[PDB]
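Following: one structure in structure tokens, then a few remarks.
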Amino acid sequence: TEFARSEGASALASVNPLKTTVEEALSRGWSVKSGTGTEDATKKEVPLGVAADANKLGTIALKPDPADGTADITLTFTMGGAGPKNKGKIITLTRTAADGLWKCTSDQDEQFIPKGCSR
């Protein structure tokens, strides 16, 4: 009876919005850093603005942290709070620095990978 399908959707919905946050910072030549806070004008770092534990299905992470746009970026949702099918699975959004484009890949069982994401 676990909610494996909606868990995947919820996990993706916690990281998908962050693509916009990342692009906006990079368009200014500011870096992005993990977590919450205020924009740091000394270092020119913009926080993602979301707590790592905002969604109790798991944890949000940024790599590299901080990220300046000159290397590939990942946003991961690690489903440590999920039920048995999804626990220990990770949804990764990867922004390739060479082209500025995003992809979504997941190590979930393929039945539960959300729309737009691949293995």
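Values quoted throughout were computed directly from the atomic coordinates according to the rules given, and no laboratory measurement underlies them.
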Legend entry - Alpha-carbon gyration tensor eigenvalues x 5, square-rooted, for the chain, Å: 27, 15, 9
Legend entry - Computed over the chain: relative contact order in percent, which uses C-alpha pairs under 8 Å that are six or more apart: 22
Inset, instruction - Can you spot the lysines whose alpha carbon is less than 18 Å from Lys85's alpha carbon? Ignore those fewer than 8 places along the same chain. - result: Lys56, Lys115
Inset, instruction - Determine which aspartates and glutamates satisfy two conditions relative to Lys44: a Cα distance under 17 Å, and not lying fewer than 8 residues away in the same chain. - result: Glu23, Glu24, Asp65, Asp68
Inset, instruction - Enter the Cα centre distance for the pair segment 1-28 and segment 39-74, rounded to the nearest angstrom. - result: 13
Inset, instruction - Would you mind checking the tilt of helix 18-27 against the longest principal axis of the Cα atoms of the chain, expressed as 0 to 90 degrees and rounded to 10? - result: 20
Inset, instruction - Would you compute, from DSSP H runs of 4+ residues alone, the mean residue ellipticity of the chain at 222 nm, taking -39500 (n - 2.57) per run and dividing by the full residue count, rounded to the nearest 500? - result: -5500 deg cm²/dmol
